[PDB]
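Only one chain is given next, in structure tokens, and it is the form deposited in one PDB entry.
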């Protein structure tokens, strides 16, 4: 399956996906990396592996739907079957999300439903949980409707900061995201007709 990865930042997950899709048994290939922020560190990793890159400054579009269109254009150009949000920070329009229902995955640094939203690790430390994790889900319109593909739990050591906790969690993200991709791309896990995750 032809995959596009959308980044915004460092791109350590992108690298996680790049490494796994280059494995001989992989059911996916990363034909295009698309960032909405220029000069970001994840663009140089895409280039280092010879993957085409495109930058789409969200700041230059009237609204979201005109920004997503520019994205969906590139996605069609490279005949993309699967979209991977890996550090992508923009919210997506309803139409753009409906089009890729069942075909878009996101990696989130928390054990959803807990600590939704952007600053997951910040909330987790204020609440003071002993266990956090990451979640790979399908991107539905409501951030709490996405069907959950894989999760992995991570401990919260005493005296953790966002800088240390997020570092630990990312070692799981780098596991379950390549796996959840491989599930979806191989046609093993599929969003079912009833909208709940359907194994096969």
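Numbering follows the first chain given and starts at 1. C-alpha atoms forming the largest set that superposes within 1.5 Å between two forms make up the rigid core.
Averaged over CA atoms, B-factors in the entry run higher in 89-97 than in the other of 102-110 and 89-97. Stretch comparison (174-182 versus 187-195) by mean CA B-factor in the PDB entry places 187-195 on top. Comparing the C-alpha B-factors of 163, 131, 65, 28 in the entry, the top value falls on 65. In the deposited entry, the Cα temperature factor of residue 146 sits in the top third of values across the chain's modelled residues. In the deposited entry, the Cα temperature factor of residue 200 places it in the highest third of its chain's modelled residues. The deposited CA B-factor of residue 157 belongs to the lowest third of values across its chain.
Annotation for residue 48: CA B-factor lies in the highest third of the chain's modelled residues. Looking at the C-alpha B-factors along this chain, the one for residue 41 belongs to the middle third.
What comes next is about the form deposited in another entry, which is not displayed.
With the core held fixed by superposition, the comparison between this form and the one not shown singles out 156 as the only member of 32, 28, 150, 156 whose CA moves by at least 2 angstroms. Relative to the superposed core, residue 165 shifts its CA atom by 2 Å or more between this form and the one not shown.
In the core-superposed comparison between this form and the one not shown, residue 122 has its Cα shifted by at least 2 Å.
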